[PDB]
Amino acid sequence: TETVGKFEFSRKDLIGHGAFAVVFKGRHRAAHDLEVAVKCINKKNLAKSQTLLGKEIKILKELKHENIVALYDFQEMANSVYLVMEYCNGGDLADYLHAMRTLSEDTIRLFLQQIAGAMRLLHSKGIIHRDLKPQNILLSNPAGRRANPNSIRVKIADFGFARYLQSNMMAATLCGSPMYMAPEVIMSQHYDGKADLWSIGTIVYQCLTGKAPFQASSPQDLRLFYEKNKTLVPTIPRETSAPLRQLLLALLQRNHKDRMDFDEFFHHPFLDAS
C-alpha cells in the first residue's frame, strides 16, 4: 500500500501501462468504496513521463466536465508525480470496440454527444487534446458494469500532450497515434484544434465499421497516402443514416480549412437525432 494524500493504492492493481505512465486502481483511505485511478511515472522514461504527467495536471486542473476524466487530486514533488483520477469502471473504448466489433448508430450518437460536450469545454478554454484515440476514451456506467448500456458515460482521458493554442497561432508538435492523426499533423504541417476533429471522425468511423477509414501498412505508408491523395473520401456503408454520413464526410476532410468547424460539430444534426 502506497498513499497519496487521502488516497491509497497497491502496485499489484495495475490497470494500464504505457511508455510515459503506469496506472493503478486505488481507493480513498476513509471511503474505501471511492475507487480511483492513480497515474504514476514510468521510470523507463523518467524525464519525459515526469514532464507529461506535470502537463496533464496543469491542463486537467482547468477542466471540469462529466465527459473529461476528473482530477480528484495530485502530488508533484521533485522526484515523482501522481495523479489521482476518477476511476472509469468500463475500461477503454478500444477494448469495448474489440468485444462489440461495431456499435449501433444510437450508441455512437450517445458517445459522440458526450465527446462533443467535452470538446465544447476544451474549445471554449482554447485547449487542444492532440492524442484522441479509442484507448483515451474511457467508459463509466454509474449504475455499474452490468447495468443498462444506455447508461454508459464516456470520458476523455490522457491530457499529457494537450496544450493551449492562441486563436492566431498554430501548433506543430508531432503528437498522437498515427492512425488517428489529422493529415496535417502526420505530414508535419502546422495545425489547430480541427486536428482533434479529424481524430474524432476516425474514432466514429471505426465505431461504425470496425476499421480505419484510410488503411495503411505503417505510419510512413499512411503519411505517403495522405501526401499523394489531395482529396480523401471515406467509404460510407450504404446503410449509414444521412446525418452520420454527412458528419463523417465533414470530419474526414483532408484539408483542415475544409473540415467541419466546432460550431458545426456541436450543433450537427447527427447529435440531435432521436
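When you see a residue number, it is the position in the sequence shown, counting from 1.
Asks: Tell me which stretch, 216 to 224 or 44 to 52, has the higher mean Cα B-factor listed in the entry.
Replies: Mean B over CA atoms: larger for 216 to 224.
Asks: When the C-alpha temperature factors are averaged for each of 106 to 114 and 147 to 155, which stretch ends up with the higher value in the entry?
Replies: Taking the mean C-alpha B-factor of 106 to 114 and of 147 to 155, the larger value falls to 147 to 155.
Asks: Kindly indicate the residue among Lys230, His65, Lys39, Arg245 with the greatest C-alpha B-factor in the PDB record.
Replies: Reading the PDB entry, the winner on C-alpha B-factor is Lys230.
Asks: Check the PDB entry and point out which of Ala31, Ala70, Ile57, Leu208 has the largest C-alpha temperature factor.
Replies: Checking the PDB record, the top C-alpha B-factor among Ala31, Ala70, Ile57, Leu208 is at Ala31.
Asks: Could you tell me which third, lowest, middle or highest, the C-alpha B-factor of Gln189 occupies within its chain?
Replies: Middle third, going by the recorded CA B-factors of the chain.
Asks: When the modelled residues of the chain are sorted by Cα temperature factor, does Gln75 land in the lowest, middle or highest third?
Replies: Middle third.
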